[PDB]
Amino acid sequence: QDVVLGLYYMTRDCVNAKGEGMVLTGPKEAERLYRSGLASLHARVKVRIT
Amino acid sequence: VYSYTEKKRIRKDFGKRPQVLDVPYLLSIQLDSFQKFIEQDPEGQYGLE
Amino acid sequence: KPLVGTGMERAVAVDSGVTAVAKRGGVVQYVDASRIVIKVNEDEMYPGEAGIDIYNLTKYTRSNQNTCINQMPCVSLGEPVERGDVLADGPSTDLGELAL
Amino acid sequence: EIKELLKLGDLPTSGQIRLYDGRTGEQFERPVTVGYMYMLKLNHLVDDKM
Amino acid sequence: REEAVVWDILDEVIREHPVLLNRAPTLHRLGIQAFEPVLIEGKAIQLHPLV
Amino acid sequence: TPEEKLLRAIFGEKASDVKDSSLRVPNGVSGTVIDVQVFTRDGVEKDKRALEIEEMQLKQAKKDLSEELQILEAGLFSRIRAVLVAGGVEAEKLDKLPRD
Amino acid sequence: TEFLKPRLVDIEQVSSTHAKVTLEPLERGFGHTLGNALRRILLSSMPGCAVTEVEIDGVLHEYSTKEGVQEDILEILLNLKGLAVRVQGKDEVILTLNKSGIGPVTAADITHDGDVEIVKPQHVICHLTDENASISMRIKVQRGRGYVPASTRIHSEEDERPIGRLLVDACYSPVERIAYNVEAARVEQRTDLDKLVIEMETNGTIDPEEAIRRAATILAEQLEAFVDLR
Amino acid sequence: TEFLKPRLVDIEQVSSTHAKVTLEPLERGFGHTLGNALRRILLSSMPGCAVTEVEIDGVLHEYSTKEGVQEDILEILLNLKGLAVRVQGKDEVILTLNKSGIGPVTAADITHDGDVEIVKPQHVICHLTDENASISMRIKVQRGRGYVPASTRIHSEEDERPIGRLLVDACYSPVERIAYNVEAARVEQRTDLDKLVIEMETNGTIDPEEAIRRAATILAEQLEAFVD
RNA sequence: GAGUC
């Protein structure tokens, strides 16, 4: 149910949206951006991940 | 064209068809049957008779 | 009052018979949260007895399921009513209507 | 006929509005369905059933 | 007489005491499971969504 | 038990040959005692509580039926006033004069 | 690097219940941060005055019926909790309602005491039928924050009240509906300035300005703790 | 009228970068009031210093590959956004990196410079493979607030940049991660009030604790108007 | 008499 929903929502990818083609040095920055509302979770993006 | 209680609260009917005859007094079954038990009717062979 | 009804809520209330309905209609003489006394239309009034209809209301008794049984008077004093007007409501009832 | 009423209420035709989360103040990323519904409390009381 | 010190000590006994939850029907072995219970006021019991 | 025998002696409260049978509120539930009814036996004599509550019933019965008669009476007399006012204009010395 | 200092600016009062207040200048982000914090605190921690206790004579308990009286006991109770009160210096007072004869009782019929003020004098309390019917009652009104029902006083009830006295649930928080709106604010040149727009409706009680200021203050005190101890 | 005053309890520094602080006890729903408001400012209003632009001689655009360097321009760009710096009085500072030969190029190889303090000496920047591979450049560091991408600066810039002036996304905020859990605290008898447990990750230089104090401070300054 | 799957 709800757990699924939340997870599916985040994983799903959408056309451009806010900040398509940004570049992040690691995950924590992602979250900061989302929480400031200048980045949607659905945006396709380039991240450096270990 | 409605009574005082209805004037006080008219609900907007969307019903596209007119109920012709009225919704009969639902709890009539019981009274009618029981009333038959006591019915003073010489010929009508029911209940007491 | 149920905002989204079928119209059927009026009939449900009326038939349950836990409300008080007006036998004759006319004008309300006395209103109490306990008694509703009504003076009849001279049109309808019997030349046998007086034209005074009495409704002692039942207030706050125990139902079988531990529920409360509370009647509330609906009309106000000196108000006009006709035959079959809803005078006092049972507990789950608004002005005429079923209020579950 | 229902949507017609919604117009007369000056509301959204789908009956959805953008809402703010009372915790964060973050808006919900999708407008949500609201409205008034008729509710009932059942005879089943945790009071007695404890 | 339900004193507040009563609750403090109760909590201490309840600490690391696992209690068992059961639902009907008990179909397979997981119809009964053990949890560390934690006290809440209110009359309903709270369960983990996962189970 | 022997232990209880000695102890009785020690604190010295003998306590008469009786058991507490009193009706208590079940735990978890709590509220307001709204009304109490008692049913005395026919044989045994009434309790003061018994009398005062049955006296209440008297008062209530009386008041209810008294006011029943009074309001009914007033309506009937007022109805007779409608027939005497037709073929017999008199409003100043009828009213101010007695009823029956 | 120069941080901004936002001031209290516009203070409109529409209805006795309603009031609008703008606070510029605001920078980005603080609009929303403050918007939410405000609301929370406003509702739960607004000290208000509401009816706490009641004695009506010849009435033992809430469920029975007194002749002459339109409403039920319970329903009149309900009317009175909602009635809007301004107390001066004292924390708890007892007003007298004494009225006789034909007609409806407004709050106005309550015989007026010096320090006390009734914000909504025209509030419907009870309708008086029979001419010889009159009522006397003593209604206690107290100060308090948030929501304290009568049942939580029986909760720690060392005040075992005499029977006849009827304790009332208190809706203390005077704030009935409350919201904020972060809109762009007119600085004659500065583009990066926003205003916080405070939409507010309350049951009369607390004055718009006064309310807000007291809000901010009580908030601030909590802020002391974190900043001072490391 | 009874306000609650809480006090500081637990302060576990799992590492210098990461600190968990548990705080009791808070009045009902103020857990969230305070939790969120703090979070917001923490990240998105936080003034800081760091890298804005770069000029490498013989690297006049950001997409080509110079032989010898493993990483792309693009990649090393982002590594360097993260590197942490201490300024004193000055607003605008240009640091110089000259380095040759085999090895990972580390923060230490930058010119020390008086007022400047280098925080993370160990931070890898690029890997130079053969010894013939040499790199020279100037990295510009400004003071600003929060986080501004290249796209937002290009918005209103009449300042036309030159040949191979290489703008990078500016990460001024040293605050990396911040979140709050609210478990109902239960002080003896009153159950209703709640705990605020606050997890904080920051970029090394500034200690977690000091972050806190500063946040609340900025808050308070605005509050001046409305206390009196 | 009604709850659960």
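About the cut-offs
- Residues numbered from 1 in each chain as written, not as in the entry; some residues may be left out.
- Chains lettered and ligands numbered in written order.
- Part of a larger assembly, values for the part shown.
- Heavy atoms only, no water.
- 1 Å grid on protein atoms, 1.4 Å probe; cavity = no way out; pocket = protein on both sides within 12 Å on 5 of 7 lines; lining within 4 Å.
- Points joined across faces, edges and corners; volume = space filled by probe spheres on them.
- Helix = DSSP H or I, 4+ residues; strand = E, 2+ residues; numbered from the N terminus.
- Nonpolar A, V, L, I, M, F, W, Y, C, P; charged D, E, K, R; others polar.
- Contact = heavy atoms within 4.5 Å.
- Buried area = accessible area lost by both parts, 1.4 Å probe.
- Salt bridge = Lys/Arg side-chain N within 4 Å of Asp/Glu carboxyl O.
- Pairing = 2+ DSSP bridges.
- Buried < 20%, exposed > 50% of the residue type's maximum accessible area, 1.4 Å probe, protein only.
- Axes fitted to C-alpha atoms, helices over the stretch in contact; angles between N-to-C directions.
- Expected span 1.5 Å × (residues − 1).
- Arc of directions from axis to C-beta.

As deposited, the entry is annotated with X-ray crystallography as its determination method and 5.50 Å as its resolution.

All right, on to empty space enclosed by the protein then. Taken as a whole and assessed by the stated rule, the structure comprises eight cavities of 30 Å³ or more. Secondary-structure elements contributing two or more residues to the lining of the largest cavity are strand 4 (85-87), strand 5 (92-100), strand 8 (116-118) and strand 10 (134-145) of chain G. Its residues assigned to classes, the lining of the largest cavity shows 16 nonpolar, no polar and one charged. If you trace the second largest cavity, you find 15 residues lining it, with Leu42, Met46, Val175, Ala211 and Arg214 of chain H closest to the centre. For the lining of the second largest cavity, the secondary-structure elements that each account for two or more residues are helix 1 (30-44) and helix 4 (208-227) of chain H. With six residues, helix 4 of chain H is the single largest residue contributor to the lining of the second largest cavity. Here the residues of the lining of the second largest cavity sort into 10 nonpolar, two polar and three charged.

As a further point, take the interface of chain G and chain H. The interface of chain G with chain H comprises 37 residues on the first partner and 35 residues on the second. Contact between chain G and chain H buries roughly 3400 Å² in total, counting both sides, with carbon and sulfur atoms accounting for 63%. The largest contributions to the chain G side of the interface with chain H come from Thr33, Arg145 and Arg230 of chain G, which together make up 16% of the buried area. Measuring nitrogen to oxygen at the nearest pair gives 3.8 Å for the salt bridge that ties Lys5 of chain H to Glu221 of chain G.

The strand order across the open sheet formed by five strands is 7-5-10-3-12 (chain G), and the pairing between neighbours is antiparallel. The sheet is open, and its two borders are formed by strand 7 (110-111) and strand 12 (166-167) of chain G, each paired with just one other strand.

We now examine the arrangement of the chains. Across the 14 pairs of chains that are in contact, the largest number of contacts falls between chains G and H. For chain B and chain E, which are not in contact, the least C-alpha distance works out to 40 Å. Here chain C and chain H are not in contact; the least distance found between their C-alpha atoms is 31 Å.

Attention now goes to the pattern of salt bridges. According to the stated counting rule, one finds 35 salt bridges over all chains in the structure shown. A salt bridge links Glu52 of chain F to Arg49 of chain F; its shortest N-O distance comes to 4.0 Å. With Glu52 of chain F and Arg49 of chain F both in helix 2 (residues 48-84), this residue pair falls three residues apart, about one helical turn. Between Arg165 of chain H and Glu55 of chain H there is a salt bridge whose closest N-O contact spans 3.4 Å. With a gap of 110 residues between them, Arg165 of chain H in the loop between helix 3 (150-155) and strand 11 (166-167) and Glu55 of chain H in strand 3 (residues 47-56) connect regions that are remote in the sequence. When its relative accessible area of 25% is taken as the criterion, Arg165 of chain H is described as partly exposed. Salt bridges here are not isolated pairs; linked through shared partners, they connect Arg9 and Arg11 of chain B together with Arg10, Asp94 and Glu97 of chain C.

Moving on: the sheet that holds strand 2 (residues 18-26) of chain G. All names here are of chain G. An order of 1-2-15-14 is seen for the four strands of this open sheet, with the pairing classed as antiparallel. Strands with a single pairing partner mark the edges of an open sheet, and in this sheet they are strand 1 (10-13) and strand 14 (175-184). Direction aside, the axes of adjacent strands within the sheet are offset by 15 degrees on average. As paired elements, strand 2 and strand 15 (residues 194-202) share seven bridges and run antiparallel to each other. Opposite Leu26, over in strand 15, you have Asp194 as the bridge partner. Contacts between helix 1 (residues 30-44) and the sheet are confined to strand 2, strand 14 and strand 15, with strand 14 contributing the most and set at about 175 degrees to the helix.

A word on helix 2 of chain F. Over its 37 residues, helix 2 of chain F runs 54 Å from end to end, which matches the ideal 54 Å to within 8%, given 1.5 Å per residue. When we look at burial in helix 2 of chain F, the residues that qualify are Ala50, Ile53 and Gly75 of chain F. Check the buried side of helix 2 of chain F and you find it contacts strand 4 (52-56) of chain C.

Our focus in this paragraph is helix 2 (residues 27-35) of chain A. Where helix 2 of chain A is concerned, the buried positions are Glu29, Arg32 and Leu33 of chain A. Down the axis of helix 2 of chain A, the sector holding all buried residues measures 95 degrees, keeping them to one side. The inward-facing, buried residues of helix 2 of chain A contact strand 1 (23-24) of chain A together with helix 1, strand 10 (147-148) and strand 13 (175-181) of chain H.

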